[PDB]
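Report on one structure; see the data block that follows.
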Amino acid sequence: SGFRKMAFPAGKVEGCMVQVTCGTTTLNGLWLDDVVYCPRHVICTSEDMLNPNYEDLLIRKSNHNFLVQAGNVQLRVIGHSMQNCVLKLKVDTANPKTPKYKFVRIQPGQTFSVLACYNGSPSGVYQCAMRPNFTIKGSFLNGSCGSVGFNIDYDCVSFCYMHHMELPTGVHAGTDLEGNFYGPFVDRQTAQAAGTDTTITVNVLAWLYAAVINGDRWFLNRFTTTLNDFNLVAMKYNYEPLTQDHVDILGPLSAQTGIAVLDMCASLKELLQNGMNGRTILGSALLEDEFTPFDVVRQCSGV
Amino acid sequence: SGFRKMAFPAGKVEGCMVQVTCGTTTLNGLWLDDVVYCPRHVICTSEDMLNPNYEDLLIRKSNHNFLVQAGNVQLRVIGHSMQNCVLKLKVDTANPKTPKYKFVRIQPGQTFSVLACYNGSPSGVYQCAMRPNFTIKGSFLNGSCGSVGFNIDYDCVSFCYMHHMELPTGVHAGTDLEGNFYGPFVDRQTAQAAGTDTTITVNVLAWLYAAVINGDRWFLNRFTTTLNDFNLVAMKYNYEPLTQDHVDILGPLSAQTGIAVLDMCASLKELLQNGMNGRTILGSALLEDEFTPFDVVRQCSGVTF
Ligand SMILES: *[C@@](O)(CO)[C@H](C[C@@H]1CCNC1=O)NC(=O)[C@H](CC(C)C)NC(=O)c1cc2c(OC)cccc2[nH]1
Ligand SMILES: *[C@@](O)(CO)[C@H](C[C@@H]1CCNC1=O)NC(=O)[C@H](CC(C)C)NC(=O)c1cc2c(OC)cccc2[nH]1
């Protein structure tokens, strides 16, 4: 029993983190085979970062301009190219710790594990969710650029995130491993805002099922709602609409607890309209929305 | 910026997790150098666990009764001994991935990363706080016994926890790496209840220092207090009393902010006696008590290992 924000074991990724320095700029890189991936703004100086013409800045660079260190050993750069906001630094040595990996673009509402690194050295691991406005609520300080987010399926690491920026509001933004930002963000040194931060409804419902599986039911009620009437109320509160696909994804949690999805929706509607008073759900005073249905199934199946 | 429950990178521990099996009973063990550590109840059958005599049950076992596997590779057991509730098995191979490590016994309020493991395979990592009642609010399923909790310092992994038990309330109990349980629990198949829990005062204060570091300081008041007077008051609100070590580990955050420890105790005292008055701290109206001073420091300054 029990339910906790849980990340994947990061050992397979820890063996891929390196340090990338260009001039006075340093951040993290991801070393897979004989390629090191890192945010392209490492080639920038403090002045270039205000408005960088990356294609212009990149052509004026040589291989020896890039200092790549894997722990103690320094890796010799024998080529370099750009794929959107990701610099690809070819090296004369293939990482012997390269695991089975793939590059994927995660969907909003989905979760992944982040391996926060500084100076190429892992520092901490935690789980994040790709929010509807394509930001993530992480913990990133100066020098965390180049940190990656990932999921693991058996023996395959699916890389989905590389960190680039912290918005003025304190949330964070980044790209997939092909260098495409999540959201309307750009890698220039400017204050940038995201779209309205809507709540991942299917995740909140999954988290309510987890609370019930762990013996908490004070928020349940005998009322019921139609899918449309629930979505009417949810959208009023800046919640994402619940699709029939979401209803289907919640099936296992419904079968395990015996609470129909539309029954849980009636509970959430009451919570949204009445609040939680001073009560808590799984120790939280707010409705948690960064647990996916699968995150709940993996921790609550058989409980 | 940002504040999260953050676990340590677990690569150094993942390379040490193995599976230990006796008969049909299987759990996790910790492979360090040429010794594997694991809960002693692996030697029990399902019925043995109801009322085991581990000394008697162990006398009937030999080295050849122990199946130790790293993945699918068997590690031949060449020696066995019992230390409290932990079984120590000498194997013929020294773990090449053994990291710098030490065995430590933590205090209530200290946090550590748990590497949840099943059949010797790491499955998840999350941060836990040792409650004052010597339980942890973990997430453990069948086959999780032998999972360890740890901290990482000078490239050294300090092992502090090995999983054994789930309580009826849904919390969890275990031992240190010397087999000594945290709290008054025993490795037996019975429903055992933990004492009444309390809030970890030192961690709440650390969380208040965190808010002040971030410019959120409305709660800072003009009063101070003695350590003794605060402890007597805090206990009336189900808060644990502070020790001299607690005051000392709060030192760095006290110097960083310029707020004396006993001054912030007086501020917390007012929050307990008067409430928040519809206000929040770091975005929450709930006082957080599972962030140690180091966690606040390690996360407000990005220390690596
Ligand atoms: C990377 O480590 C840079 O190498 C760093 C990310 C963080 C810094 C602190 N916490 C983090 O997560 N990223 C940046 O500094 C980026 C660099 C861009 C992509 C070139 N810049 C920002 O994240 C950024 C800039 C500004 C800004 O300007 C002016 C105004 C307000 C917020 C802001 N964030
Ligand atoms: C280990 O994996 C066993 O090897 C397992 C712990 C969990 C199983 C699911 N989630 C967990 O955390 N541990 C046990 O099953 C222990 C075995 C002891 C140490 C011999 N037993 C319990 O945790 C336990 C027993 C009982 C009980 O009796 C019957 C009544 C109520 C609760 C309870 N928990």
Q) Rounded to the nearest 20 Debye, what is the dipole magnitude of the stretch A:51-185 about its Cα centre when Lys and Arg each give +1 and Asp and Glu each give -1 at the C-beta? A) 140 debye
Q: Just rank A:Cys44, B:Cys22, fewest to most, by other beta-carbon atoms within 10 angstrom.
A: B:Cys22, A:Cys44
Q. For chain A, max minus min Cα coordinate along each principal axis, in Å, sorted largest first?
A. 69, 38, 32
Q: Could you please report the charge total around B:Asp155, scoring K, R as +1 and D, E as -1 over all other residues with beta-carbon less than 9 angstrom from its beta-carbon?
A: +1
Q.
Using a 7 Å offset from the Cα along the Cα-to-Cβ direction at both A:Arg279 and B:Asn63, what is the distance between the two label points in nm, to one decimal?
A. 6.0 nm
Q: Can you tell me the 0 to 90 degree angle between the C-alpha axis of helix A:201-213 and the longest principal axis of chain A, rounded to 10?
A: 60 degrees
Q. Between B:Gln256 and B:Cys156, what is the label-to-label distance in nm when each label sits 7 Å out along the Cα-to-Cβ direction?
A. 2.3 nm
Q.
Can you classify the protein assembly as shown as rounded, prolate or oblate using the Cα gyration tensor, where a ≥ b ≥ c are the square roots of its eigenvalues, rounded means a/c under 1.5, and otherwise it's prolate if a/b beats b/c and oblate if not?
A. rounded
Q: First check a/c for the stretch A:126-167, with a ≥ b ≥ c the square roots of the eigenvalues of its C-alpha gyration tensor; if it is under 1.5, answer rounded, and if not, answer prolate when a/b is larger than b/c or oblate otherwise.
A: oblate
Q. What shape does the stretch B:141-281 take by its C-alpha gyration tensor, where a ≥ b ≥ c are the square roots of the eigenvalues and a/c under 1.5 counts as rounded, a/b above b/c as prolate, and the rest as oblate?
A. prolate
Q. Could you put B:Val36, B:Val73, A:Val104 in order, starting from the residue whose Cβ has the fewest other Cβ atoms within 10 Å?
A. B:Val73, A:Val104, B:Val36
Q: Tell me what chain B gives for mean residue ellipticity at 222 nm when only DSSP H runs of n ≥ 4 count, each as -39,500 (n - 2.57), the sum divided by the residue total, rounded to 500 deg cm²/dmol.
A: -6500 deg cm²/dmol
Q.
Longer than 23 Å from Cα to Cα, which of A:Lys137/B:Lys5; A:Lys100/B:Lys90; A:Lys97/B:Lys102; A:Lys12/B:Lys5; B:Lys90/B:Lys137 are they? Say none if no pair is.
A. A:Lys100/B:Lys90; A:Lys97/B:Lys102; B:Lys90/B:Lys137
**Q.** Charged-residue dipole, Cβ positions (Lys, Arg, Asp, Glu), the protein assembly as shown about Cα centre, Debye nearest 20
**A.** 340 debye
**Q.** Charge dipole (chain A, unit charges on Cβ, about Cα centre) - positive-most of A:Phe3, A:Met165, A:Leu271
**A.** A:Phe3
Q. How many partner chain Cβ atoms sit within 10 Å of a residue's Cβ in peptide A:112-123, on average, as a whole number?
A. 4
Q: Report the one residue of A:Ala255, A:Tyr239, A:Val297 whose Cα lies farthest in the direction of the positive end of the charge dipole of the stretch A:201-300 (charges on C-beta: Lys and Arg +1, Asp and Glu -1; origin at the Cα centre).
A: A:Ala255
Q) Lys/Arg Cβ at +1, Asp/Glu Cβ at -1, dipole of the stretch B:62-220 taken about the Cα centre: which of B:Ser139, B:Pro99, B:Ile152 is farthest positive-ward? A) B:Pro99
Q | Debye, to nearest 20: dipole size of the stretch A:12-91, +1 on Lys, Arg Cβ, -1 on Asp, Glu Cβ | A | 160 debye
Q: DSSP loop (so not H, G, I, E, B), at most 15 other Cβ within 10 Å: list which trypsin sites (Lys or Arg not before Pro) in the stretch A:208-263 pass both filters.
A: A:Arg217, A:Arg222
Q) Under a Cβ-Cβ cut-off of 15 Å, what is the net charge of the residues other than A:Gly174 that fall near it, where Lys and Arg count +1 and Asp and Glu count -1? A) +1
Q. What does the charge add up to near A:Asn63, with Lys and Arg as +1, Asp and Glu as -1, over the other residues with Cβ less than 9 Å from its Cβ?
A. +3
Q | B:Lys100 paired with B:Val73, simple spin-label distance in nm, labels 7 Å along Cα-to-beta-carbon | A | 2.5 nm
**Q.** Sequence of B:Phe181, A:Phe3 once ranked by neighbouring C-beta atoms within 10 Å, starting from the fewest
**A.** B:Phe181, A:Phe3
Q. If you take the C-alpha gyration tensor of the stretch B:15-120, multiply each eigenvalue by 5 and take the square root, what semi-axes do you get, largest first, in whole Å?
A. 22, 19, 13
Q) Can you give the relative contact order of the stretch B:1-74 as a percent, counting alpha carbon pairs under 8 Å and 6+ residues apart? A) 30 percent
Q | Built amide H within the under 5 Å cut-off of B:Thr198, gap 5+ | A | B:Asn133
(Q) I'd like the mean, over residues of A:8-17, of how many other protein chain beta carbons sit within 10 Å of each residue's own Cβ. (A) 5
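Neighbour counts run over all protein chains shown; Cβ positions are idealised from the backbone, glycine included. Taken together, the values in this text are just the output of simple stated rules run on the coordinates, not laboratory data.
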